[PDB]
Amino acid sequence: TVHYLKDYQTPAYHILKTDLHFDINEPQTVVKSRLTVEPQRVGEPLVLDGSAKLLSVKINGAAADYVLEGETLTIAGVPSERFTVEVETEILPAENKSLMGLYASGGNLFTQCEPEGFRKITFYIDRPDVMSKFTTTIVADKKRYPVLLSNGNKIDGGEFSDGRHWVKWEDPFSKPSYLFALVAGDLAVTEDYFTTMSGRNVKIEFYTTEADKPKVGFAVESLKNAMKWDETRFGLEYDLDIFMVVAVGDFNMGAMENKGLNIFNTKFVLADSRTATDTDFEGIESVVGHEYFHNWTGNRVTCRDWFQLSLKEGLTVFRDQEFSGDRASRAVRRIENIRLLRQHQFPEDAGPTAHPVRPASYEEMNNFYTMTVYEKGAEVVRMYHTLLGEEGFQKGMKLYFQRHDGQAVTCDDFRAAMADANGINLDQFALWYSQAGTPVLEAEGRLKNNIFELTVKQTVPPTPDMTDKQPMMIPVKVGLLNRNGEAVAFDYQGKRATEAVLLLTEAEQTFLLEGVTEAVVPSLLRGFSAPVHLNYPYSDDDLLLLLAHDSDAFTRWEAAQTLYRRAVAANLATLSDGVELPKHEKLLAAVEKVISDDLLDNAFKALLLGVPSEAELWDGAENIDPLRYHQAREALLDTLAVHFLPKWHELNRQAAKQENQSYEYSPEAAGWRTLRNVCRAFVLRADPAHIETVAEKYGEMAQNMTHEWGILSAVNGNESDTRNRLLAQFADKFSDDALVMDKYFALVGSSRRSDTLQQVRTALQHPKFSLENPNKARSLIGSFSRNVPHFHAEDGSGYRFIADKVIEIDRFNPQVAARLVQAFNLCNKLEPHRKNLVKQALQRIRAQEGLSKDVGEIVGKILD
């Protein structure tokens, strides 16, 4: 069963009203539905998706003639006019380890419906172009379930003499079923409010455990900031007088935008400085923003079909990036976003699971909540912004909502809103939705007479879904530096300026930058203006000039990245030839300048001292030995560590001083700590024995989690027993904080020590570990699967381990297992010995009777 976009057809039925009734007992919950059904194609069978235990079905109040087959219920005898259907199902939420539909967590009940979880609750037309008005009644024992929530407005409630109580929630906004939510439990509430720009108070309520309530404050402030920002930046106002957020410790993903009732992984809502890093705080801000921004880009306007997922996710990711960027540190955060795309999305586009931003087919939709749909999706939205400007982009946004408020629509409709609102043709732009793979740009430059002549070619490789790739519309933002690193002006399309966006639309084009009276070096793809690989012949000296003087953060950072990549390549050569390592003279000169530069933003400086990951380094290679790339990258880090050791200590000292004991989260304090932690990593690489000095003063330095995590990270690969002691003391200290225990398990799984696999196997039996908790499984096993020297061990032990855990986890949580199995995506690019072992691992997974569609789809893409 493959699903194809080309086969889309409007539904035979609409559902105008969805009246639900939840009767929560022990152990079962009984759900009653009443659907008000409107025929679209009169006389067709009514087909309802569903997998819950079915107790009864009525049509117009009478027992229905129907047939149950697989996960579908079909009623052939349908009235020709408006009618009702009533379905009664039974659920055992404590047995639901998939964490989709209605499930138990921490003695409480939660839902996760996106994409296709609602059908695990009742029988429904569970597809997002079917939008209905929901009213939800919930009945439960009061002392056990004092908090009973669903979407919208609480319009009634009461008590019974047997100790049960009930509530009724009316959500007046038509919605697809994936936006339904319910929570029932004993939770503590944190209350606040926001007043909208039209003067309406919005009650804000965050629900958490009693013990967790003191950590929810930053999330609350972030929501209020996100509400204000959507008004000032996008002109978007909230549309209910209540906004609820619920934290849950067992959750497959990060968070969920259910209308008026967001549900969040604890990880993206709970923090204090004692237990959360600065990066965790930034994450809460981003994801609280994200889910709130969905209220318009996702909820008010939703998705016609799941192939259009990027319509809401690319756009909402763009929105959360712009929110965070407007809050603080825009340039640094932009680089962080680019770095994540290239480290994680580029390998997806190069690999067996590559897909377009708008896929043309899928087997299991849960497999398509991807780096491509999200992060490349956001880069595609951002290119509208680059082409149109902020004002034009907002014209498009405005027309999009005018046209499509209350509708379930497509990527094509967003593009058309952008095109029409600005009176321009964006037909070619559509290929960013339909063509997979990373475009590669080859560029060359010459100054002939007084014209700088920039020639650019584009190619887009075949991907498993599609061989033909046509030229795309690719904005390339550029500038020129003279020998003094000064900006040079040029003429383009009758305008004298220091910067231009060159729009590449053909397979090959030459751009004429006229009126250039001195030798120049071009600055290319400024701000990472398109999601592409660009090759330009820069000398090392050219890269130093860019790094030292360019006015664009990305191009400066990319110049450093390139020097690092060249240094690693040189290391690969010498290690292969069995000779002494290179000197890296120009690189060291550059880093020396970076370290000593007092004008550089500290978080930017930290980025300039970050070396590309192994995956970046082996991008484009065949017959990969991951350990050789790891060895080469490690050698470079060893050299930087030992070579600059006195400056690492000096810089560390400055960062400590300038932090000024301001241990709470702020972007300013955080940038000092970020730099501090880079220094710590290098200091402990150069001098492993320094760990005992660190351990003696650990209490003194452990002033927040950013420091404890920074320290434990720096020592994590240390072969001293003290590494093991410090980690054990960390687990003891924070044993009662599940999000901190996640950090412990990540350190266990990610260690470059020789004994990591046996330590990981011991950690599986830790009293605070649970394989059935996705945060825990991800932290320990996910980290191990990304641990290059251990996952890719020559003896195949890493492959056998991860395949064992994919097999085990798939039995109860196919989503976690299918994410994990993608650790094998590099299969066909490996050298023959590891490739053989990875194939054996995948065939063994494939051999499992009852293997999920989730994992099966991925294994097929790799093997077949």
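Sequential numbering from 1, following the sequence displayed.
Asks: Looking only at CA atoms, which has the higher mean B factor in the entry: 483-491 or 724-732?
Replies: 483-491 has the higher mean C-alpha B-factor.
Asks: Select between 262-270 and 549-557 the stretch whose C-alpha atoms have the higher average B-factor in the entry.
Replies: Stretch with the higher mean C-alpha B-factor: 549-557.
Asks: At the C-alpha atoms, which of 408, 311, 572, 350 reaches the highest B-factor in this entry?
Replies: By C-alpha B-factor in the record, 572 ranks first.
Asks: Just grab whichever of 767, 172, 646, 176 has the top CA B-factor as deposited.
Replies: In this record, 646 carries the highest C-alpha B-factor of the candidates.
Asks: Determine, from the deposited record, the chain-internal third of the Cα B-factor for residue 497: lowest, middle or highest.
Replies: Its C-alpha B-factor, which the entry lists for residue 497, ranks in the highest third among residues of this chain.
Asks: Going by the CA temperature factor in the PDB record, which third of the chain does residue 805 belong to: lowest, middle or highest?
Replies: Bottom third by C-alpha B-factor.
Asks: What third of the chain does residue 42 rank in for C-alpha temperature factor, lowest, middle or highest?
Replies: Its C-alpha B-factor belongs to the highest third of this chain's values.
Asks: Can you work out whether the C-alpha temperature factor of residue 146 puts it in the lowest, middle or highest third of the chain?
Replies: Residue 146: CA B-factor falls in the lowest third of its chain.
Asks: Place residue 155 in the lowest, middle or highest third of its chain's C-alpha B-factors, as listed in the PDB entry.
Replies: Ranked within chain, residue 155 CA B lands in the middle tercile.
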